[PDB]
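**Student:** Protein chains in written order, with the deposited numbering: chain C, 1 to 15; chain B, 1 to 27, 27A to 27F, 28 to 211; chain A, 2 to 52, 52A, 53 to 82, 82A to 82C, 83 to 100, 100A to 100D, 101 to 127, 133 to 213. Cβ coordinates follow ideal geometry from the N, Cα and C atoms, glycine included. The structure follows.
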Amino acid sequence: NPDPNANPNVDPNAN
Amino acid sequence: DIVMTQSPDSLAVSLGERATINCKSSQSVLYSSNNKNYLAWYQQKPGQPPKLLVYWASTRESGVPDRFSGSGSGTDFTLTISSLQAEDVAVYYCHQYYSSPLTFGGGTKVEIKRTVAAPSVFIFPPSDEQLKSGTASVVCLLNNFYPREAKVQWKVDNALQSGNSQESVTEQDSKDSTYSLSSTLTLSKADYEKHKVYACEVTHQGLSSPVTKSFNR
Amino acid sequence: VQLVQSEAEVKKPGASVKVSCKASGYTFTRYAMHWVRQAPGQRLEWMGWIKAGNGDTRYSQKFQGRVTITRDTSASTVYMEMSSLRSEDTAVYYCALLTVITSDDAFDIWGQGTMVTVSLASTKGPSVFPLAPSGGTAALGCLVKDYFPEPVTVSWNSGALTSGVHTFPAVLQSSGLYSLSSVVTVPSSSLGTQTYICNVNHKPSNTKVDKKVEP
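Next up, the structure:
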């Protein structure tokens, strides 16, 4: 699965 | 790590044609839970930082021309420029933000094909300020030509020179898709004072015979 | 939003460098600032990030030993420090707000890079020389010769003259010093009516010149 702390600027619950 | 592999390494098409860039990731960057691909495409021109084009593999960035489109999922991704424009000459990078470390592809260089354009040639004598220092630099300029292949030959008192000049060519122009070139011939001030005529002889596809620009010291 | 980075640098091998990145146009503490390097002819390599809010950091396993990223919220500035420099560390170093994807907006800002050259050779300011002009359009320019290290920046008429400008990539002379020229095509009427100065900056040598180019 993706690591949300690879780039914290990416919010995976957003278009 | 996730290796990002692009193909082809370079592309050239005429203005208004379609350009396709492939990117393959060594691991899937699709998260099944949200159906999102953690992938982005960047554009970079010489001397400038990259600029974001596409994110989530297929969502265009704001302010980006709509001829730019991203597609693909999992490990296989495509950036499309539907109608290549003059300003689109650049290097393009895919990018993954699925896993640490963040990684980038090796880049695809996109070049424009256009009509032949013969150079406009100029020659510049050494400045009086430089000759004080003990050196003479003579500069020949080739302006806005296509294709990039051009030959510059220096002549001093009409004698062909060799081993005392250096040249460099620009990147492709983002407005007229041409190139320019600068050649510098470097002599001791003493040698420069030993001759009268300084010339650069230019041969290019746009010229049936060489063009010579010269001055007398 | 703008990101403005520190001046170009040269460092001896085994030394350290600290590159600045000043932010503007958004609330500083909301997002993370990354550092990315671009070596000549090699692919962009990510170094690390820092949360401008709480100061938390992550580094790649490349740079974890030798890189430290810090921030000053009061100054709205991020810093990157490399220690134990090697000739392979010669590169452009970028700070960037990579892929800020949120429900409200989606944006991505990069700074202008900071060239650092790791070399044992000496630093040398350049000499700027007029390329003196002499039908409707004429060519003039500047010759920026004998400097180390790269880069040299050049602007014309303090940046309002941009059309028709060609600044060429530098050549490496046999001396180990670089040289480049910048030209621009201008109206020949304006030869005797308007002024043309090339603004040359070589930051490592702290060299600043405004060269008037006359017939």
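From the beta carbon of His164/A, is the nearest beta carbon of chain B less than 8 Å away?
**Tutor:** Taking Cβ atoms only, chain B reaches closer than 8 Å to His164/A, which makes this a yes.
**Student:** From what residue to what residue does the beta strand (DSSP E) around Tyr173/B run?
**Tutor:** Here the beta strand (DSSP E) through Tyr173/B covers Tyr173 to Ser182.
**Student:** Quick check: the Cα distance between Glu85/A and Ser187/A, rounded to an integer number of angstroms?
**Tutor:** If I take the Cα positions, the gap works out to 49 Å.
**Student:** Tell me the residue span of the beta strand (DSSP E) that contains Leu73/B.
**Tutor:** Per DSSP, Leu73/B belongs to the beta strand (DSSP E) from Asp70 to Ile75.
**Student:** Are the Cβ atoms of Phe209/B and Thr172/B separated by less than 8 Å?
**Tutor:** No.
**Student:** For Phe98/B and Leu124/A, which I take to be in contact (beta-carbon distance under 8 Å), what is that distance rounded to the nearest angstrom?
**Tutor:** With 8 Å as the limit, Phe98/B and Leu124/A do not qualify as a contact, their Cβ atoms being about 38 Å apart.
**Student:** Which term fits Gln6/B, buried or exposed, when burial requires 16 or more other beta carbons within 10 angstroms of its beta carbon?
**Tutor:** With 16 or more Cβ atoms within 10 Å of its Cβ, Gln6/B is classed as buried.
**Student:** Over the uninterrupted alpha helix (DSSP H) stretch that includes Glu81/B, give me the two end residues.
**Tutor:** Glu81/B -> no alpha helix (DSSP H), and no H or E assigned at all.
**Student:** Give the single residue among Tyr194/A, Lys19/A, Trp36/A and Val182/A whose Cα lies nearest to the Cα of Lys62/A.
**Tutor:** If we check each option's Cα against that of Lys62/A, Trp36/A comes out closest.
**Student:** Rounded to whole angstroms, how far is the Cβ of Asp3/C from the Cβ of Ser93/B, which I believe are closer than 8 Å?
**Tutor:** Between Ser93/B and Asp3/C the Cβ distance is about 5 Å, and since that is below 8 Å, they are a contact.
**Student:** Hey, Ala75/A and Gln39/A: beta-carbon distance below 8 Å or not?
**Tutor:** Not closer than 8 Å, so no.
**Student:** Any beta carbon of chain C sitting closer than 8 Å to that of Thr96/A?
**Tutor:** Yes - at least one Cβ of chain C is within 8 Å of the one on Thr96/A.
**Student:** For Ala19/B, which beta-bridge partners are listed by DSSP?
**Tutor:** DSSP output for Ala19/B lists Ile75/B as bridge partner(s).
**Student:** For the alpha helix (DSSP H) holding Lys126/B, just list the boundary residues, first then last.
**Tutor:** Per DSSP, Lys126/B belongs to the alpha helix (DSSP H) from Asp122 to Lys126.
**Student:** By DSSP's criteria, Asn210/B is part of a beta bridge. Which residues make up the other side?
**Tutor:** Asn210/B is bridged to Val191/B.
**Student:** Can you give the Cα-Cα distance for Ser153/A and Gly139/A, rounded to whole angstroms?
**Tutor:** Using only the alpha carbons, I get a separation of about 11 Å.
**Student:** Output yes or no for whether 8 Å exceeds the beta carbon distance between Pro147/A and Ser112/A.
**Tutor:** Yes, these two residues count as a Cβ contact at 8 Å.
**Student:** Return no unless some Cβ of chain C is closer than 8 Å to the Cβ of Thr99/A.
**Tutor:** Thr99/A counts as touching chain C.
**Student:** Tell me whether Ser60/A sits in a helix, a strand or coil according to DSSP, three-state version.
**Tutor:** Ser60/A falls in the coil class under three-state DSSP.
**Student:** Can you name, in chain order, every residue of its own chain whose Cβ lies under 6 Å from the Cβ of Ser159/B, other than the five neighbours on each side?
**Tutor:** Within the same chain, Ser159/B has close Cβ partners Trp148, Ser177 and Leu179.
**Student:** Any contact of the stretch 74-87 of chain B with the stretch 5-19 of chain B, i.e. 3+ C-beta pairs under 8 Å?
**Tutor:** Result yes; three or more Cβ-Cβ pairs closer than 8 Å.
**Student:** Are the stretch 193-204 of chain B and the stretch 5-24 of chain A in contact at 8 Å, needing three or more beta carbon pairs?
**Tutor:** Contact fails: fewer than three Cβ-Cβ distances are below 8 Å.
**Student:** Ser177/A and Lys117/A - do their beta-carbons sit closer together than 8 Å?
**Tutor:** Taking 8 Å as the Cβ cut-off, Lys117/A and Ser177/A do not qualify as a contacting pair.
**Student:** Using beta carbons (cut-off 8 Å, strictly below), is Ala16/A in contact with chain B?
**Tutor:** False, the Cβ-Cβ gap to chain B never drops below 8 Å.
**Student:** Mind pulling the chain C residues with CB within less than 8 Å of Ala33/A?
**Tutor:** Within chain C, the residues near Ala33/A are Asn7, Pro8 and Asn9.
**Student:** Listed in chain order, which residues of the stretch 83-117 of chain B have Cβ atoms closer than 9 Å to some Cβ of chain A?
**Tutor:** Taking 9 Å as the Cβ-Cβ cut-off against chain A, the residues of the stretch 83-117 of chain B that qualify are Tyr87, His89, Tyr91, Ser94, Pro95, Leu96, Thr97, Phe98, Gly99, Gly100, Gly101, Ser114 and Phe116.
**Student:** Inspect the beta-carbon positions of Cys134/B and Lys183/B and report whether they are closer than 8 Å.
**Tutor:** No, they are not a contact pair.
**Student:** Could you name the residues of the same chain whose beta carbon sits closer than 8 Å to that of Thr183/A, not counting the 5 residues immediately before and after it, in chain order?
**Tutor:** Closer than 8 Å at the Cβ level, and outside the excluded window around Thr183/A, lie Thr135, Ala136, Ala137 and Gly162.
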